[PDB]
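Peer 1: Experimental coordinates follow, after the sequence.
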Amino acid sequence: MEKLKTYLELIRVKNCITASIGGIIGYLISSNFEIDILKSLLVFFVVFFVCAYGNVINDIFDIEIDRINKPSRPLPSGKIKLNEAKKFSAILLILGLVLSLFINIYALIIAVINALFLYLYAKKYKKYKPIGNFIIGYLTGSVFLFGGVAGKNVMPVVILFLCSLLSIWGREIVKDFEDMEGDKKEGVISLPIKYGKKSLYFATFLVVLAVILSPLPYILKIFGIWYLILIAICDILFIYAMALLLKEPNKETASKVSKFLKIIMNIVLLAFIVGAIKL
């Protein structure tokens, strides 16, 4: 009904399908495209409910802020009472942790950890970006590792998880150097506020480390030639982007570099799928 769409509006059903597809992606790579409908269904829904829980627990803590910032949303627009939402988040979470027991121990561990981070980020680490950047980096990388841990060969997914964590956390800092003026006025603590271009040296450091781990699926004789070529074009571009921002550390370059890194991050994800297709 019309009341149902309000609940689908709260959980952000599109964003959840997106994270769940990211979950199945990790499962495909790990099983080498050898799918089991029963394991595929658990992976799609554990990621869906944990994501639905994160999205719901965020709207609860941001109700006082969304009465200004983002109005017309289910909670600040009276559509759902605060207690209706609180009861709902408990249910979505119980499903996420129970369904993961049916995958294995590691899947339950990743689910519990995601859940703790999702609550802590929504509660306090959202406007304290030094810890909050890592939370976004880890939570993004973890959706692949989820499906990956359900598979027979998790080694290529572990490289994908680590590389995602490092390049997203790094990009988050580059993003906070572009957002420095709006952050300071809002009373938000970030690395480019606490330090100068020094934060952009640490941003470079993660981008570099991820680039060192990236040729490992080839080195470990897991992925083929196509992976190695795709990763070589991107590894060079990743370091080139960072080198340009260190040259001109201003708002405009931080903006352009942030956009480019989003592209060459997708080309790397594609490279992992292409590498897995070639069995």
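Peer 2: On my side now, so go ahead. Numbering: from 1, shown residues only.
Peer 1: any idea how far residue 193 lies from residue 250?
Peer 2: 16 Å (CB to CB, to the nearest Å). For the C-beta atoms, the positions are set from N, CA and C on the backbone; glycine is no exception.
Peer 1: More neighbours: those two, which one.
Peer 2: residue 193 (17 against 11; other CB atoms under 10 Å).
Peer 1: Please state the offset of the helix or strand where that one lies from the chain centre?
Peer 2: Using DSSP states H and E, residue 193 maps to helix 191-194. Centroid displacement of helix 191-194 relative to its chain, using CA atoms, centre = their mean, to the nearest Å, is 22 Å.
Peer 1: Could you do stretch 216-231 as well?
Peer 2: In terms of CA atoms, centre = their mean, the centre of stretch 216-231 is set 23 Å apart from its chain centre.
Peer 1: try stretch 121-130
Peer 2: Distance of stretch 121-130 from the chain centroid (CA atoms, centre = their mean) equals 15 Å.
Peer 1: which residues are in contact with that stretch?
Peer 2: Here stretch 121-130 makes contact (CB atoms under 8 Å, 6 or more residues apart in numbering) with 54, 57-58, 60-62, 131-132, 135-136, 139, 172, 176, 183, 186-191, 194.
Peer 1: If we go by neighbour counts, what in it is buried?
Peer 2: 121-122, 125-126, 129 (16 or more other CB atoms under 10 Å).
Peer 1: Looking at those, which is nearest residue 164?
Peer 2: Closest approach between these and residue 164, by CB to CB: residue 121, at 16.8 Å.
Peer 1: where's the nearest residue to residue 178 once chain neighbours are set aside, which helix or strand?
Peer 2: Leaving out its chain neighbours, the residue that sits closest to residue 178 by CB to CB, 6 or more residues apart in numbering is residue 254, at 4.1 Å. Using DSSP H and E, the element containing residue 254 is helix 251-277.
Peer 1: just to revisit the earlier point, which outside residues touch the helix holding residue 193?
Peer 2: 129-130, 133, 173, 176-177, 180, 183-184, 199-200, 202-203.
Peer 1: now for those, which pair is the farthest apart?
Peer 2: Pairwise over the contacts of helix 191-194, using CB to CB, the maximum falls at 184 and 202, 19.4 Å.
Peer 1: still on that earlier bit, and the residue nearest to residue 178, what does it touch?
Peer 2: 174-175, 177-178, 245.
Peer 1: can you tell me how far it sits from residue 196?
Peer 2: Residue 254 sits 13 Å away from residue 196 when distances are taken as CB to CB.
Peer 1: Which ones among the contacts of residue 254 map onto helices?
Peer 2: Under the assignment DSSP state H, those contribute 174-175, 177-178, 245 to helices.
Peer 1: could you pull out the helices for this structure?
Peer 2: With DSSP H as the criterion, the chain has helices spanning 2-11, 13-31, 37-61, 63-66, 82-101, 105-120, 129-150, 155-178, 180-186, 191-194, 199-213, 216-219, 225-247, 251-277.
Peer 1: Adding distance to residue 74 as columns, could you present those in TSV?
Peer 2: Converted to TSV, these look like this (distance: least, CB to CB, whole Å):
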stretch	distance to residue 74
helix 2-11	4
helix 13-31	12
helix 37-61	7
helix 63-66	10
helix 82-101	8
helix 105-120	18
helix 129-150	22
helix 155-178	27
helix 180-186	24
helix 191-194	32
helix 199-213	36
helix 216-219	42
helix 225-247	38
helix 251-277	29
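Peer 1: which one of the ones you listed lies closest to residue 76?
Peer 2: helix 63-66 (4.3 Å).
Peer 1: Restricting to C-alpha, output that closest one in PDB.
Peer 2: Output of helix 63-66 as PDB, limited to C-alpha atoms (Å, rounded to 0.1, in the frame of the first residue of the first chain):
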ATOM      1  CA  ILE A  63      15.700  13.100  13.000                       C
ATOM      2  CA  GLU A  64      16.600  16.400  14.800                       C
ATOM      3  CA  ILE A  65      18.900  17.400  11.900                       C
ATOM      4  CA  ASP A  66      16.600  16.300   9.100                       C
END
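Peer 1: Tell me which residues of that helix come out buried.
Peer 2: Buried, per 16+ other CB under 10 Å, within helix 63-66: residue 66.
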